[PDB]
Amino acid sequence: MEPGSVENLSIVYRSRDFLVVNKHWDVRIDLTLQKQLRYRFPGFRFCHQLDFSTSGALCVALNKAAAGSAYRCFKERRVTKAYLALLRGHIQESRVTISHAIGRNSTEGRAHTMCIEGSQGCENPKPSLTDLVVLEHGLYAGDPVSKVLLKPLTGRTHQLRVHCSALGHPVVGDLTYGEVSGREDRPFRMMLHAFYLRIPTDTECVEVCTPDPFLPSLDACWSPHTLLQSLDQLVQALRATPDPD
Ligand SMILES: [Cl-]
Ligand SMILES: [Cl-]
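The record lists X-ray crystallography as the method behind this PDB entry and 1.9400 Å as its resolution.

Pasting the structure below:
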């Protein structure tokens, strides 16, 4: 609930070689994540990125050998990631494969960087695949929303936000890819969280499953009413899934 501050940094994994933070929503990597890290641990190599408005799992390598190892997993597409989100509307399908290709917007890129293939001025579409599993239906601040688990198999910029918006179920509080009628200026944050991260490096399998922030005990505007799938069970399936070839 509280806004990002330099003194509050949540660590979810710490080894000799890696550190995984639970990045706060509306905090930039490059108030930044670097300053929070400097405050808590008076050289940090980010193994990957996480958007400003997104919270969650962000892996930092603490030495040159650890960075190189992690850089290899990402460049060879051997990393597993999953996210949680609160999306607009009740999604009636239990699972959705979202495969529309994502390109860069040439019409109004400044306001909405990315777009779906086929949309006006969409250029250089790239491979895209997001697996969406519906966890629950409920109301967010009295409006119908779906709590979902998202597993991207590709790394397009703003992929999850573009894909969910393209289905007609944008992320709640998404100021870029939400609809005008959605009044996305009203939620306290954008409801997208990097939940699960597995980086199978040569020396260490950095694997984290952060706490779930989209719970009625933490945000009283979220009122779940129908359970479709169990997140605990889906986390057991995530953990057992082989690393991508
Ligand atoms: Cl990245
Ligand atoms: Cl995204």
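That was the structure; now back to the text.
(A) Layout of the environment of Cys-115. Here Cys-115 is to be found in strand β8 (residues 114-116). Residue contacts for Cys-115: discarding those within four places in its chain leaves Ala-101, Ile-102, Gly-103, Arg-104, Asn-105, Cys-122 and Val-162.

(B) Spatial organisation of the pattern of salt bridges. The tally for this structure, following the rule as stated, stands at nine salt bridges. For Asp-51, the salt bridge goes to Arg-161, with nearest N and O atoms at 3.2 Å. Pair noted here: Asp-51 is in the loop between β3 (45-46) and β4 (55-61) and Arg-161 is in helix α3 (residues 159-166), with a separation of 110 residues, a long-range link. Classification of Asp-51 by relative accessible area gives partly exposed; the value is 28%. Of the charged contacts in the structure, one is a salt bridge between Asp-174 and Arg-161, with a shortest N-O distance of 3.0 Å. In this pair, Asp-174 sits in the loop between α3 and β12 (192-200) while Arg-161 sits in helix α3, placing the two residues 13 residues apart along the sequence. Salt bridges linked by common partners bring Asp-51, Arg-161 and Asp-174 together as one network.

(C) Expanded view of the state of the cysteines. Across all of its chains, the model carries one disulfide by this definition. Between the sulfur of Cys-115 and that of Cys-122 lies a disulfide, 2.1 Å long from S to S. Handedness here is read from the sign of the S-S torsion; for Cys-115 and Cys-122, about 110°, the answer is right-handed. Relative accessible area serves as the criterion here: at 6%, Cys-115 is assigned to the buried category. Overall, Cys-122 belongs to the buried group, its relative accessible area being 18%.

(D) Local environment of the UniProt feature "active site" in the protein. The sites that UniProt annotates as "active site" are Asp-51. With sequence-adjacent residues up to four places away left out, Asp-51 is seen in contact with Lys-23, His-158 and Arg-161.

(E) Quick look at the packing of aromatic side chains. Tallied over the entire structure, the rule returns one aromatic pair. Ring plane angle 85° and centroid distance 5.2 Å describe the contact between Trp-25 and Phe-188, whose orientation is recorded as edge-to-face. Relative accessible area serves as the criterion here: at 36%, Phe-188 is assigned to the partly exposed category.

(F) Representation of the nonpolar core in the model. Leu-37, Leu-87, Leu-132, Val-148, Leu-149, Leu-150 and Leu-192 are the most contacted members of the largest nonpolar core, which totals 44 residues. Counting residues per element, this core draws most heavily on strand β5 (residues 80-88), at six residues. With residues up to four places along the chain from it excluded, the contact list for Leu-192 reads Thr-54, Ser-55, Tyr-83, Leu-84, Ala-85, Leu-150, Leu-160, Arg-161, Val-171 and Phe-214. Judged by nonpolar contacts, the second largest core, of 16 residues, contains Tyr-13, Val-20, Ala-67 and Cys-73.

(G) Broad picture of the pairing of strand β11 (residues 143-152). Of all 10 residues in β11, eight are buried; the element is thus mostly enclosed. Where strand β10 (residues 130-140) lies against β11, 10 bridges are found, and the strand directions are antiparallel. Residue pairing for β11: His-137 is matched across the bridge by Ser-146.

(H) Examining the sheet that holds β8 more closely. The strand order β8-β7-β9 describes an open sheet built from three strands, whose pairing is antiparallel. Edge positions in the sheet fall to β8 and β9 (122-126), since each of these pairs with one other strand and no more. The sheet shows a mean angle of 40° between the axes of neighbouring strands, taken without regard to direction. Of the strand pairs in this sheet, strand β7 (residues 102-105) and β8 are connected by three bridges, and their pairing is antiparallel. Bridge pairing in β8 places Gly-103 opposite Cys-115. Strands in contact with α3 are β7 and β8; relative to β8, the strand with the most contacts, it is inclined by about 40°.

Calculation notes
Residues numbered from 1 in each chain as written, not as in the entry; some residues may be left out. Chains lettered and ligands numbered in written order. Heavy atoms only, no water. Residues with missing side-chain atoms left out of burial classes, pairs and counts. Helix = DSSP H or I, 4+ residues; strand = E, 2+ residues; numbered from the N terminus. Contact = heavy atoms within 4.5 Å. Salt bridge = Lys/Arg side-chain N within 4 Å of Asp/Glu carboxyl O. Buried < 20%, exposed > 50% of the residue type's maximum accessible area, 1.4 Å probe, protein only. Disulfide = S-S within 2.5 Å. UniProt positions renumbered as here; feature names shortened; annotations may be inferred. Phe/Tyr/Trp six-rings, centres within 6.5 Å; stacked < 30°, edge-to-face > 60°. Core = buried A, V, L, I, M, F, W, Y, C linked by side-chain atoms within 4.5 Å. Pairing = 2+ DSSP bridges. Axes fitted to C-alpha atoms, helices over the stretch in contact; angles between N-to-C directions.

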